[PDB]
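Just so we're aligned, residue 210 is where the sequence shown starts under the UniProt record's numbering, counting upward by one.
Note that CB positions come from ideal geometry on N, CA and C, so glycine has one too.
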Amino acid sequence: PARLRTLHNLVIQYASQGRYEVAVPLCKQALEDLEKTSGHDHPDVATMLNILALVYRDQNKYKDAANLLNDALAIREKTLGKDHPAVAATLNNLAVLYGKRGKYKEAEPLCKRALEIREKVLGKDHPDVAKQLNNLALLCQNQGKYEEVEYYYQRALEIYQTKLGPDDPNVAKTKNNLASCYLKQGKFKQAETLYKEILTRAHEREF
Ligand SMILES: [Mg+2]
Numbered sequence: 210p211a212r213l214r215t216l217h218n219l220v221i222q223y224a225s226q227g228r229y230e231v232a233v234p235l236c237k238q239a240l241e242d243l244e245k246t247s248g249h250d251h252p253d254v255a256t257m258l259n260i261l262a263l264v265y266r267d268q269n270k271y272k273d274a275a276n277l278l279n280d281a282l283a284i285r286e287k288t289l290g291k292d293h294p295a296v297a298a299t300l301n302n303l304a305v306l307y308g309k310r311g312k313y314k315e316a317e318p319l320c321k322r323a324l325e326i327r328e329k330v331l332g333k334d335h336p337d338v339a340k341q342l343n344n345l346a347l348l349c350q351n352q353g354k355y356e357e358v359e360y361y362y363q364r365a366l367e368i369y370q371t372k373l374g375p376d377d378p379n380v381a382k383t384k385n386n387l388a389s390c391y392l393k394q395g396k397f398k399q400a401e402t403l404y405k406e407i408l409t410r411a412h413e414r415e416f
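Written out as structure tokens, the structure is:
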């Protein structure tokens, strides 16, 4: 009923205040009760599982967080669609968890799938598709895929520069990331050229 709607906002309120003492039981309650209502395979079951998984991730219960997210991802894929936005959202959460836990190789495919969903949903050129590319490029940097890192950061910059103005802060933030990647990979002459472009537009603005 609407009791599930109220119970949901209570789990958010206490988890946001870092009060998992209150948040976890209310979430496990909502979960137990949503199973009696419409079974395990329901969009809202995944919605609750997703919140509880984030609560576990923040509680450093990394192993358990992953099982709830893989559970939610499967429930979403079956009940919403393999290319549904909520499926991409769960995919991101998982890649974030794997990436934070140091498993970049295992995280990369989930992030690349989440990008494929965001492209279908928001269009091949979009400032969220360009946001997702900066995450994916960082993931490759932590592996040594310097060829992929340049390509992803560069495609994000192209989206950012055409969709948002060249003086947008994401243009400089992305250029700063590609610039720092080039330093890592010893491409010092190419990194300096990028730092000159970021500084010259900043100087241009004052005039
Ligand atoms: Mg390679």
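Buried versus exposed call for residue i [16 or more other C-beta atoms within 10 Å across all chains shown]
{"i": "residue 284", "result": "buried"}
{"i": "residue 411", "result": "exposed"}
{"i": "residue 308", "result": "buried"}
{"i": "residue 408", "result": "exposed"}
{"i": "residue 180", "result": "This structure cannot settle anything about residue 180, because the visible part of the chain is limited to 210 through 416."}
{"i": "residue 402", "result": "exposed"}
{"i": "residue 317", "result": "buried"}
{"i": "residue 359", "result": "buried"}
Other residues of its chain near residue i: CB distance less than 6 Å, five sequence neighbours each side excluded
{"i": "residue 365", "result": "339, 342, 343, 383"}
{"i": "residue 271", "result": "310"}
Pairwise C-alpha distance: residue j and residue i
{"i": "residue 252", "j": "residue 288", "result": "6 Å"}
{"i": "residue 221", "j": "residue 237", "result": "13 Å"}
{"i": "residue 431", "j": "residue 300", "result": "As shown, the chain starts at 210 and ends at 416. That puts residue 431 outside it, with no answer to give."}
{"i": "residue 363", "j": "residue 391", "result": "12 Å"}
{"i": "residue 268", "j": "residue 256", "result": "19 Å"}
{"i": "residue 337", "j": "residue 385", "result": "18 Å"}
{"i": "residue 367", "j": "residue 245", "result": "50 Å"}
{"i": "residue 347", "j": "residue 305", "result": "11 Å"}
Cβ neighbours of residue i in the same chain (closer than 7 Å, five flanking residues each side left out)
{"i": "residue 314", "result": "352"}
{"i": "residue 330", "result": "294"}
CB of residue i within 8 Å of CB of residue j, strictly
{"i": "residue 297", "j": "residue 266", "result": "no"}
{"i": "residue 217", "j": "residue 232", "result": "no"}
{"i": "residue 263", "j": "residue 242", "result": "no"}
{"i": "residue 345", "j": "residue 355", "result": "no"}
Cβ neighbours of residue i in the same chain (closer than 8 Å, five flanking residues each side left out)
{"i": "residue 235", "result": "216, 219, 220, 223"}
Any heavy atom of ligand 1 within less than 7 Å of residue CB: hits in chain order: 354, 356, 357
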